[PDB]
Amino acid sequence: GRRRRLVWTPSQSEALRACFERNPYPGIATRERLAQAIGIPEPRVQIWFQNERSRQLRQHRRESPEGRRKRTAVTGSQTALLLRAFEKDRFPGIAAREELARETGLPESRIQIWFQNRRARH
DNA sequence: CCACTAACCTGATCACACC
DNA sequence: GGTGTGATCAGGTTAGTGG
């Protein structure tokens with residue numbers, strides 16, 4: 001069970017490509033500003049820039065420093081809750097992550113990263 | 001039927017706090 | 001140097017979009 005896939009409007013597509021053309025490695029500030037200007041949540045914008053670099057790099061292989069997101073602070077209380085969840089299921093779907101986001105107060109996009117990191121190291 | 005791609009993934013690495 | 005862990009990189013996989 002994954003998040004429902006959105007569909008770019010023509011005006012959104014134009015804005016993402018034009019910003020990608022100026023810098024394919026935007027920082028959190030550029031992603032946030034672009035996300036608000038076009039009405040899309042920032043994680044979807046980040047996912048698009050990653051997919052779009054994948055398209056461009058694979059295409060160029062057949063032809064040819066902006067600031068990061070601030071480190072999310074995770075309390076021991078939040079960590080213990082995600083830990084207990086991680087033991088029952090290491091691959092929570094969108095609904096289980098929204099649950100964990102609700103119970104922890106952390107954004108769901110950070111829960112997704114937390115599980116990606118945890119599975120690679122534990 | 002099938003090309004395209006958002007969503008999601010692995011694995012490695014960056015970045016930074018901390019000792 | 002060593003450890004821990006959140007964030008991001010390249011790029012492969014899963015599944016929804018729409019020709």
Side-chain angles (χ1 to χ4, degrees):
Chain A
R2 62 175 54 197
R3 178 187 347 261
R4 176 152 83 245
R5 162 183 185 141
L6 50 63
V7 176
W8 313 115
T9 70
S11 139
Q12 288 166 339
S13 283
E14 184 191 350
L16 297 152
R17 310 216 217 241
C19 207
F20 182 99
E21 196 274 350
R22 288 184 302 284
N23 184 8
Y25 298 91
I28 183 60
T30 299
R31 292 194 305 270
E32 284 289 349
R33 193 182 70 251
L34 181 60
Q36 297 292 346
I38 73 181
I40 291 298
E42 183 278 333
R44 306 299 93 210
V45 174
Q46 183 160 211
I47 292 285
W48 181 88
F49 269 84
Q50 283 158 354
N51 281 314
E52 185 71 9
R53 289 200 303 270
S54 196
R55 283 184 285 272
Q56 296 282 124
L57 289 175
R58 162 164 24 86
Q59 154 269 323
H60 261 145
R61 272 195 310 268
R62 164 66 159 116
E63 288 184 21
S64 293
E66 300 173 21
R68 291 187 165 209
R69 171 192 281 262
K70 222 290 188 288
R71 184 186 182 94
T72 296
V74 186
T75 69
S77 174
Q78 296 168 315
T79 304
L81 203 156
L82 309 155
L83 272 154
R84 281 186 297 278
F86 183 78
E87 309 187 26
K88 300 166 199 203
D89 192 16
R90 331 194 310 152
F91 296 87
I94 178 61
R97 300 191 307 262
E98 293 289 349
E99 181 159 29
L100 289 172
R102 168 174 56 77
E103 298 169 355
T104 52
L106 302 168
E108 175 269 344
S109 76
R110 308 295 97 201
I111 275 76
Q112 192 149 17
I113 300 302
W114 191 94
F115 277 80
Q116 277 164 24
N117 274 147
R118 188 82 192 181
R119 289 193 304 258
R121 300 155 176 169
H122 293 273

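Quick note on labels: first sequence line is chain A, next is B, and so on, each numbered from 1. The figures that follow rest on heavy atoms only: side chains count, while hydrogens, waters and symmetry mates do not.
When rounded to the nearest whole Å, the span between CG of A:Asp89 and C1' of B:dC9 equals 15 Å. Atom P of nucleotide B:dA6 and atom CD of A:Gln12 are separated by 12 Å, given to the nearest angstrom. For A:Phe49 and B:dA7, the CZ to P distance is 14 Å, given to the nearest whole Å. Rounded to an integer number of Å, the gap from A:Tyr25 OH to B:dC14 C1' is 14 Å. With rounding to whole Å, A:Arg2 atom CZ is found 9 Å from B:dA7 atom P. Going from atom CZ of A:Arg69 over to atom P of B:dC16 covers 16 Å, rounded to whole Å. To the nearest angstrom, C1' of B:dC9 lies 10 Å from CD1 of A:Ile47. For A:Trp8 and B:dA6, the CH2 to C1' distance is 7 Å, given to the nearest whole Å.
Judged by the sign of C1'-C2'-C3'-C4', C:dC9 carries a north-puckered sugar. A negative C1'-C2'-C3'-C4' dihedral is found for the sugar of B:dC4, placing it in the south range.
Cluster partners of A:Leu16 are A:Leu6, A:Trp8, A:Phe20, A:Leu34, A:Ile38, A:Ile40, A:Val45, A:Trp48, A:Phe49, counting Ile, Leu, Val, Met, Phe, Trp and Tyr whose side-chain heavy atoms approach within less than 4.5 Å, directly or via other members.
Under the 4.5 Å side-chain heavy-atom criterion for grouping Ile, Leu, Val, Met, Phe, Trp and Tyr, A:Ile28 is not connected to A:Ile47 through any hydrophobic cluster. No path of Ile, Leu, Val, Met, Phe, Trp and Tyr side chains, each step under 4.5 Å between heavy atoms, connects A:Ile111 with A:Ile113, placing them in separate hydrophobic clusters.
Annotation: the span from A:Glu66 atom CD to A:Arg31 atom CZ amounts to 9.0 Å, rounded to 0.5 Å.
More than 12 heavy atoms of other residues, nucleotides or ligands lie within 6.0 Å of CD in A:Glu52, so this atom counts as buried by the packing criterion. Summarising the local packing, CZ of A:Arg90 is surrounded by more than 12 heavy atoms from other residues, nucleotides or ligands at distances under 6.0 Å.
Nucleic acid contact class of A:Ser54 (heavy atoms, under 4.0 Å, all strands): base. Across all strands, A:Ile28 comes closer than 4.0 Å to no nucleic acid atom at all (heavy-atom distances). Contact annotation for A:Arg58: no contact, since no heavy-atom pair falls under 4.0 Å across all strands. A:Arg71 comes within 4.0 angstrom of a base, heavy atoms only. A:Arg90 comes within 4.0 angstrom of no nucleic acid atom, judged by non-hydrogen atoms across all strands.
For the pair A:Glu42 and A:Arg69, the salt-bridge criterion is met [side-chain N within less than 4.0 Å of a carboxylate O].
Heavy-atom contacts of chain A under 4.0 Å fall on DNA chain C between two terminal nucleotides, which in 5' to 3' order are C:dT5 to C:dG18.
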Set out, in order, the CA-CA distance, both residues' side-chain angles and the distance that settles salt bridge (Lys or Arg N to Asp or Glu O under 4.0 Å) for A:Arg3 and A:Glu108, then state yes or no.
CA-CA 11 Å; A:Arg3 178 187 347 261; A:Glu108 175 269 344; 3.1 Å; yes
Go through it in stages, so that I can follow the logic: the residues are A:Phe91 and A:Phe115, the test is side chain to side chain contact (heavy atoms under 4.5 Å, CB included), and I'd like the CA-CA distance, side-chain angles, deciding distance and then a yes or no.
CA-CA 8 Å; A:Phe91 296 87; A:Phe115 277 80; over 6 Å; no
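Between the side chain of A:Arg3 and the base of B:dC8, no donor-acceptor pair under 3.5 Å is found.
Residue A:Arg97 has a polar side-chain atom (N or O) positioned under 4.0 Å from OP1 or OP2 of B:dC8. Side-chain nitrogen and oxygen atoms of A:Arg121 include none within less than 4.0 Å of the OP1 or OP2 phosphate oxygen of B:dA12.
Side chains of A:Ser109 and A:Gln112: no donor on one and acceptor on the other come within 3.5 Å.
Picking from B:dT10, B:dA7, B:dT5 the nucleotide with the shortest atom distance to the side chain of A:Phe91 gives B:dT10.
The stretch residues 107-119 of chain A comes close to DNA chain C through A:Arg110, A:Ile113, A:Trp114, A:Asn117, each having a heavy atom under 4.0 Å from the strand.
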